[PDB]
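Chemist: I'd like to ask you about the structure that follows.
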Amino acid sequence: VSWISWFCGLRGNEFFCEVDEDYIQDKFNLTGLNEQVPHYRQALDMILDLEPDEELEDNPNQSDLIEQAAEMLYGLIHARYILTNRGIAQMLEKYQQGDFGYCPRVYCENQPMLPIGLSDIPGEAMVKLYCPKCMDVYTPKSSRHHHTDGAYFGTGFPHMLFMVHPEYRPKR
Amino acid sequence: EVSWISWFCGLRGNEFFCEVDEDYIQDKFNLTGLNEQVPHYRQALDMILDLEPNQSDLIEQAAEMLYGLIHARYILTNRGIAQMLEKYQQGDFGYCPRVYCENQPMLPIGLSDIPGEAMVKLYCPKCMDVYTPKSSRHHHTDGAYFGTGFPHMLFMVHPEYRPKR
Ligand SMILES: [Zn+2]
Ligand SMILES: [Zn+2]
């Protein structure tokens, strides 16, 4: 399985959706990201499953540092991706599956929530959950999601989704 | 040798309960009215107080219901409230999930005082709303064992713990 499929499958990455390879392959979609993550070249290669460099001698491995970079880069791409009609389509799918959890308010009656970020700057805050019914923001019940940066989901995702799919917005 | 009460409050899922003072239970005046709500009231009250005892499990079930009803009244008394306030300070009931409530500890609360109506819920004193416990281990604890007015009783007796919202 692809790096992306492998990543989105890990424990804690349930909120993520699989970004279409072609979206990533189009340089125009990643403009600006390459200057936010270290080892951008090797990291983007790892995400797309390509020959992982030469790698010769004592040359300290710095391997893990690249794995982390791929992780950050995938996140930033994810953020942009889920604003596009295709990404939104995929998230809407998970939404229908309750992939993001249900609102804990007793009166929201288990309204499924959408992931959301309190900030678009990486390292600011971890991902939170937005209930479209009571329109408030909650902390995920599972600690497994307490290390997922919210910037990988953005502050305007939930808004975008309902803008494109008004029919799913809770009534009254 | 652990007392029935100590044993009960120690079971998985009964973390929201506090241990009712034996003497409170021994005073007949405090239980007036309860004896006509649970079956086998005599044997059940005996089991709760650790006294000389197929219909067995049915009595264990009765002691469980009876302890709950007593708990409900108990936590309205200054002594019960004191104990609950303790657990409250330990975050024994959990913290509010609202991101902006900033992990405000919550108090248990019932949506109804009638047994069998609804399971126990959590009241955040900051956003003043009611939530369902994150852990499924608490999804079988009747809310009637905590009452609809407990949280409000606690803060009337301890206004100083009223969060600045
Ligand atoms: Zn809600
Ligand atoms: Zn709250």
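How things are named: the first chain in the structure tokens is A, the next is B, and so on; residues count from 1 in each chain; ligands count from 1 in the order shown.
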Can I get the residues close to ligand 2 as a ChimeraX atom specification, where close means within 8 Å and we count only C-alpha atoms and all ligand atoms?
Modeler: /B:95-98,100-104,106,123-129
Chemist: Sorted by chain and rising residue number, list the residues of chain A at most 8 Å from ligand 1 (counting only C-alpha atoms and all ligand atoms), each with its closest atom pair and distance in Å to one decimal, as a Markdown table.
Modeler:
| residue | atom | partner | partner_atom_place_in_ligand_line | distance |
| --- | --- | --- | --- | --- |
| A:102 | CA | ligand 1 | 1 (Zn) | 8.0 |
| A:103 | CA | ligand 1 | 1 (Zn) | 4.6 |
| A:104 | CA | ligand 1 | 1 (Zn) | 6.6 |
| A:105 | CA | ligand 1 | 1 (Zn) | 5.4 |
| A:107 | CA | ligand 1 | 1 (Zn) | 7.4 |
| A:108 | CA | ligand 1 | 1 (Zn) | 4.6 |
| A:109 | CA | ligand 1 | 1 (Zn) | 7.8 |
| A:110 | CA | ligand 1 | 1 (Zn) | 7.7 |
| A:111 | CA | ligand 1 | 1 (Zn) | 6.3 |
| A:113 | CA | ligand 1 | 1 (Zn) | 7.9 |
| A:130 | CA | ligand 1 | 1 (Zn) | 7.7 |
| A:131 | CA | ligand 1 | 1 (Zn) | 4.5 |
| A:132 | CA | ligand 1 | 1 (Zn) | 6.6 |
| A:133 | CA | ligand 1 | 1 (Zn) | 5.1 |
| A:134 | CA | ligand 1 | 1 (Zn) | 4.1 |
| A:135 | CA | ligand 1 | 1 (Zn) | 6.2 |
| A:136 | CA | ligand 1 | 1 (Zn) | 6.3 |
Chemist: Produce a file of the selected residues containing C-alpha atoms, as a PDB file, in the first residue's frame.
Modeler:
ATOM      1  CA  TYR A 102     -20.493  12.860  17.681  1.00  0.00           C
ATOM      2  CA  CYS A 103     -21.340  15.979  19.623  1.00  0.00           C
ATOM      3  CA  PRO A 104     -21.230  15.316  23.374  1.00  0.00           C
ATOM      4  CA  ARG A 105     -24.056  17.809  24.151  1.00  0.00           C
ATOM      5  CA  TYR A 107     -29.382  17.985  23.260  1.00  0.00           C
ATOM      6  CA  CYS A 108     -27.297  17.825  20.075  1.00  0.00           C
ATOM      7  CA  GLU A 109     -28.374  14.142  20.089  1.00  0.00           C
ATOM      8  CA  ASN A 110     -25.157  12.647  18.685  1.00  0.00           C
ATOM      9  CA  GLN A 111     -24.877  15.073  15.792  1.00  0.00           C
ATOM     10  CA  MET A 113     -19.013  16.565  13.854  1.00  0.00           C
ATOM     11  CA  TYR A 130     -17.025  21.326  15.294  1.00  0.00           C
ATOM     12  CA  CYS A 131     -20.663  20.379  15.845  1.00  0.00           C
ATOM     13  CA  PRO A 132     -22.770  21.947  13.097  1.00  0.00           C
ATOM     14  CA  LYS A 133     -25.905  21.837  15.267  1.00  0.00           C
ATOM     15  CA  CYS A 134     -24.863  23.743  18.421  1.00  0.00           C
ATOM     16  CA  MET A 135     -22.103  25.341  16.325  1.00  0.00           C
ATOM     17  CA  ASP A 136     -19.472  24.966  19.056  1.00  0.00           C
TER      18      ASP A 136
END
Chemist: Taking 3 positions as the minimum chain separation for residues in the same chain, which residues sit within 12 Å of residue 50 of chain A when counting only C-alpha atoms? Answer as an MDAnalysis selection string.
Modeler: chainID A and resid 2:3 25 41:47 53:54
Chemist: Considering only C-alpha atoms, give me a table of residues in chain B that are at most 7 Å from chain A, with the closest atom pair and distance in Å for each, as JSON lines.
Modeler:
{"residue": "B:97", "atom": "CA", "partner": "A:138", "partner_atom": "CA", "distance": 5.3}
{"residue": "B:98", "atom": "CA", "partner": "A:138", "partner_atom": "CA", "distance": 4.4}
{"residue": "B:99", "atom": "CA", "partner": "A:138", "partner_atom": "CA", "distance": 4.8}
{"residue": "B:130", "atom": "CA", "partner": "A:106", "partner_atom": "CA", "distance": 5.9}
{"residue": "B:131", "atom": "CA", "partner": "A:105", "partner_atom": "CA", "distance": 4.6}
{"residue": "B:132", "atom": "CA", "partner": "A:104", "partner_atom": "CA", "distance": 5.6}
{"residue": "B:134", "atom": "CA", "partner": "A:141", "partner_atom": "CA", "distance": 6.2}
Chemist: Write out, as an mmCIF file, in the first residue's frame, the residues just selected, with N, CA and C atoms.
Modeler:
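Once everything was written out, this is part_20.cif:
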data_model
loop_
_atom_site.group_PDB
_atom_site.id
_atom_site.type_symbol
_atom_site.label_atom_id
_atom_site.label_comp_id
_atom_site.auth_asym_id
_atom_site.auth_seq_id
_atom_site.Cartn_x
_atom_site.Cartn_y
_atom_site.Cartn_z
ATOM 1 N N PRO B 97 -15.953 19.051 27.603
ATOM 2 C CA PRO B 97 -15.347 18.877 26.286
ATOM 3 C C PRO B 97 -15.276 20.142 25.445
ATOM 4 N N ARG B 98 -16.040 21.165 25.807
ATOM 5 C CA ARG B 98 -15.984 22.392 25.025
ATOM 6 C C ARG B 98 -14.574 22.920 25.054
ATOM 7 N N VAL B 99 -14.035 23.245 23.885
ATOM 8 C CA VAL B 99 -12.688 23.779 23.811
ATOM 9 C C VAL B 99 -12.531 25.054 24.643
ATOM 10 N N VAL B 130 -25.298 20.356 29.592
ATOM 11 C CA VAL B 130 -25.249 18.967 30.013
ATOM 12 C C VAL B 130 -24.694 18.052 28.926
ATOM 13 N N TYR B 131 -23.707 17.235 29.301
ATOM 14 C CA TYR B 131 -23.055 16.318 28.366
ATOM 15 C C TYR B 131 -23.143 14.845 28.733
ATOM 16 N N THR B 132 -22.927 13.998 27.738
ATOM 17 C CA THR B 132 -22.935 12.558 27.943
ATOM 18 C C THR B 132 -21.500 12.150 28.257
ATOM 19 N N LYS B 134 -17.945 10.625 28.335
ATOM 20 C CA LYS B 134 -17.116 10.103 27.240
ATOM 21 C C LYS B 134 -16.939 8.594 27.329
#
Chemist: Quick one: everything within 9 Å of residue 84 of chain B, counting only C-alpha atoms, minus sequence neighbours fewer than 2 positions away in the same chain. Send it as a VMD selection string.
Modeler: chain B and resid 16 to 18 75 79 to 82 86 to 89 107 154
Chemist: Using the chain letters and numbers from this document, which residues of segment 56-162 of chain B does DSSP assign to alpha helix (DSSP H), as number ranges by chain?
Modeler: B: 56-74, 78-89, 150-157
Chemist: What is the distance between atom CA of residue 57 of chain B and atom CA of residue 9 of chain B, in Å to one decimal?
Modeler: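 These atoms are spaced 18.0 Å apart.
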Chemist: Determine, counting only C-alpha atoms, which protein, DNA and RNA residues have an atom within 8 Å of an atom of segment 6-17 of chain A; residues of the same chain fewer than 3 positions away are not included. Present the result as a PyMOL selection string.
Modeler: chain A and resi 1-3+78+87+90-91+99-100+115+144-145+148
Chemist: Limited to C-alpha atoms, could you put the picked residues into a file as an mmCIF file, in the first residue's frame?
Modeler:
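Here's the written file result-v1.cif:
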data_model
loop_
_atom_site.group_PDB
_atom_site.id
_atom_site.type_symbol
_atom_site.label_atom_id
_atom_site.label_comp_id
_atom_site.auth_asym_id
_atom_site.auth_seq_id
_atom_site.Cartn_x
_atom_site.Cartn_y
_atom_site.Cartn_z
ATOM 1 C CA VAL A 1 0.000 0.000 0.000
ATOM 2 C CA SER A 2 0.970 3.586 -0.870
ATOM 3 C CA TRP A 3 2.560 5.880 1.696
ATOM 4 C CA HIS A 78 -4.446 17.903 3.178
ATOM 5 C CA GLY A 87 -11.537 16.692 -1.058
ATOM 6 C CA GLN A 90 -14.261 12.582 0.515
ATOM 7 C CA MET A 91 -14.633 14.303 3.878
ATOM 8 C CA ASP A 99 -15.620 9.194 11.364
ATOM 9 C CA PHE A 100 -15.068 12.385 13.321
ATOM 10 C CA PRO A 115 -12.719 18.322 12.212
ATOM 11 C CA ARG A 144 -5.245 9.306 20.255
ATOM 12 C CA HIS A 145 -6.179 12.539 18.460
ATOM 13 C CA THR A 148 -2.827 15.878 15.336
#
Chemist: Just to confirm, what's the straight-line distance from atom CA of residue 105 of chain B to atom CA of residue 156 of chain B in Å (one decimal)?
Modeler: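 Atom-to-atom, atom CA of residue 105 of chain B and atom CA of residue 156 of chain B are spaced 17.2 Å apart.
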Chemist: Just list as an MDAnalysis selection string whatever in chain A DSSP marks as strand (DSSP E).
Modeler: chainID A and resid 114:116 128:130 137:138
Chemist: Extract, using only C-alpha atoms, all DNA, RNA and protein residues at most 12 Å from residue 156 of chain A, discarding same-chain residues fewer than 2 positions from it, and format them as a list in words.
Modeler: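 The neighbour list is residues 79, 80, 82, 83, 88, 114, 115, 116, 117, 118, 119, 120, 130, 150, 151, 152, 153, 154, 158, 159, 160, 161, 162 and 163 of chain A.
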Chemist: Convert the current residue selection to file output with N, CA and C atoms, as a compact mmCIF listing (two decimals), in the first residue's frame.
Modeler:
# COMPACT_ATOMS: atom_id res chain seq x y z
N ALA A 79 -4.79 20.11 4.11
CA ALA A 79 -5.51 21.32 4.43
C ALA A 79 -6.07 21.99 3.18
N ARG A 80 -5.22 22.13 2.18
CA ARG A 80 -5.63 22.75 0.92
C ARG A 80 -6.62 21.86 0.19
N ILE A 82 -8.81 19.49 1.18
CA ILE A 82 -10.18 19.38 1.64
C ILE A 82 -11.05 20.62 1.43
N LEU A 83 -10.55 21.57 0.65
CA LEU A 83 -11.31 22.78 0.34
C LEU A 83 -11.79 22.66 -1.09
N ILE A 88 -13.60 17.78 -0.38
CA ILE A 88 -14.84 17.94 0.35
C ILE A 88 -15.73 16.72 0.17
N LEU A 114 -17.43 17.71 12.43
CA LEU A 114 -16.40 17.84 11.40
C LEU A 114 -15.13 18.28 12.09
N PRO A 115 -13.96 17.89 11.56
CA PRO A 115 -12.72 18.32 12.21
C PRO A 115 -12.52 19.79 11.87
N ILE A 116 -11.78 20.51 12.70
CA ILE A 116 -11.56 21.91 12.45
C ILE A 116 -10.31 22.33 13.19
N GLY A 117 -9.68 23.40 12.72
CA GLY A 117 -8.48 23.89 13.37
C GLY A 117 -8.77 25.25 13.97
N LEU A 118 -8.17 25.53 15.12
CA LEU A 118 -8.38 26.82 15.75
C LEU A 118 -7.41 27.82 15.13
N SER A 119 -6.44 27.30 14.38
CA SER A 119 -5.44 28.14 13.73
C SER A 119 -4.92 27.47 12.47
N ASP A 120 -4.41 28.27 11.54
CA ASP A 120 -3.88 27.73 10.29
C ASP A 120 -2.36 27.64 10.35
N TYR A 130 -15.96 20.34 15.42
CA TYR A 130 -17.02 21.33 15.29
C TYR A 130 -18.38 20.68 15.08
N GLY A 150 -4.10 20.90 14.18
CA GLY A 150 -5.32 21.38 13.57
C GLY A 150 -5.10 22.13 12.28
N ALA A 151 -3.88 22.59 12.06
CA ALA A 151 -3.58 23.33 10.84
C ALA A 151 -3.74 22.44 9.62
N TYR A 152 -3.75 21.13 9.84
CA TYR A 152 -3.90 20.19 8.73
C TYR A 152 -5.36 20.07 8.32
N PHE A 153 -6.23 20.82 8.99
CA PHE A 153 -7.65 20.82 8.67
C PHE A 153 -8.15 22.23 8.41
N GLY A 154 -7.43 23.23 8.93
CA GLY A 154 -7.81 24.61 8.69
C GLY A 154 -8.98 25.15 9.49
N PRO A 158 -14.98 23.30 7.86
CA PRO A 158 -16.40 23.05 8.14
C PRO A 158 -17.32 24.01 7.41
N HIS A 159 -16.90 25.28 7.31
CA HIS A 159 -17.68 26.31 6.65
C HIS A 159 -17.77 25.97 5.18
N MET A 160 -16.62 25.69 4.59
CA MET A 160 -16.54 25.33 3.18
C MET A 160 -17.46 24.17 2.83
N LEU A 161 -17.42 23.11 3.63
CA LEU A 161 -18.24 21.94 3.35
C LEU A 161 -19.72 22.25 3.29
N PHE A 162 -20.22 23.01 4.26
CA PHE A 162 -21.63 23.34 4.25
C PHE A 162 -21.98 24.36 3.17
N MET A 163 -20.97 25.10 2.70
CA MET A 163 -21.17 26.07 1.61
C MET A 163 -21.43 25.29 0.32
Chemist: As a PDB file with C-alpha atoms, in the first residue's frame, please: the residues near segment 137-145 of chain B (cut-off 12 Å, only C-alpha atoms, same-chain neighbours under 6 positions excluded).
Modeler:
ATOM      1  CA  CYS B   9     -18.529   2.441  45.090  1.00  0.00           C
ATOM      2  CA  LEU B  11     -16.841  -1.239  41.057  1.00  0.00           C
ATOM      3  CA  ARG B  12     -16.133  -0.227  37.469  1.00  0.00           C
ATOM      4  CA  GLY B  13     -18.643   2.395  36.435  1.00  0.00           C
ATOM      5  CA  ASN B  14     -19.518   3.564  39.945  1.00  0.00           C
ATOM      6  CA  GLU B  15     -16.796   6.218  40.015  1.00  0.00           C
ATOM      7  CA  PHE B  16     -19.430   8.972  40.170  1.00  0.00           C
ATOM      8  CA  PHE B  17     -20.800   7.656  43.468  1.00  0.00           C
ATOM      9  CA  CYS B  18     -19.489   8.630  46.873  1.00  0.00           C
ATOM     10  CA  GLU B  64     -27.925  -1.492  44.126  1.00  0.00           C
ATOM     11  CA  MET B  65     -31.111   0.462  43.440  1.00  0.00           C
ATOM     12  CA  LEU B  66     -31.668   1.263  47.093  1.00  0.00           C
ATOM     13  CA  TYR B  67     -28.099   2.492  47.561  1.00  0.00           C
ATOM     14  CA  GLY B  68     -28.627   4.744  44.575  1.00  0.00           C
ATOM     15  CA  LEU B  69     -31.807   6.311  45.920  1.00  0.00           C
ATOM     16  CA  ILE B  70     -30.103   6.882  49.274  1.00  0.00           C
ATOM     17  CA  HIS B  71     -27.113   8.369  47.454  1.00  0.00           C
ATOM     18  CA  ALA B  72     -29.419  10.858  45.758  1.00  0.00           C
ATOM     19  CA  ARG B  73     -30.718  12.221  49.043  1.00  0.00           C
ATOM     20  CA  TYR B  74     -27.341  11.913  50.752  1.00  0.00           C
ATOM     21  CA  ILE B  75     -25.479  14.225  48.348  1.00  0.00           C
ATOM     22  CA  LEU B  76     -27.887  17.064  49.159  1.00  0.00           C
ATOM     23  CA  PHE B  93     -16.418  13.372  37.076  1.00  0.00           C
ATOM     24  CA  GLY B  94     -14.478  14.387  34.004  1.00  0.00           C
ATOM     25  CA  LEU B 107     -20.531  17.505  38.289  1.00  0.00           C
ATOM     26  CA  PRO B 108     -22.771  14.472  37.736  1.00  0.00           C
ATOM     27  CA  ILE B 109     -26.444  15.268  37.231  1.00  0.00           C
ATOM     28  CA  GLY B 110     -29.679  13.501  36.395  1.00  0.00           C
ATOM     29  CA  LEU B 111     -32.126  14.599  33.725  1.00  0.00           C
ATOM     30  CA  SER B 112     -34.864  13.005  35.831  1.00  0.00           C
ATOM     31  CA  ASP B 113     -35.474  11.921  39.415  1.00  0.00           C
ATOM     32  CA  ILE B 114     -37.489   8.891  38.348  1.00  0.00           C
ATOM     33  CA  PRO B 115     -35.400   5.719  38.213  1.00  0.00           C
ATOM     34  CA  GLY B 116     -35.223   4.165  34.760  1.00  0.00           C
ATOM     35  CA  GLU B 117     -35.826   7.470  32.968  1.00  0.00           C
ATOM     36  CA  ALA B 118     -32.312   8.384  31.839  1.00  0.00           C
ATOM     37  CA  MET B 119     -28.687   7.578  32.564  1.00  0.00           C
ATOM     38  CA  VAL B 120     -26.383   9.958  34.438  1.00  0.00           C
ATOM     39  CA  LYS B 121     -25.111  13.026  32.593  1.00  0.00           C
ATOM     40  CA  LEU B 122     -22.419  15.624  33.271  1.00  0.00           C
ATOM     41  CA  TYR B 123     -23.032  19.282  34.025  1.00  0.00           C
ATOM     42  CA  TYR B 131     -23.055  16.318  28.366  1.00  0.00           C
TER      43      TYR B 131
END
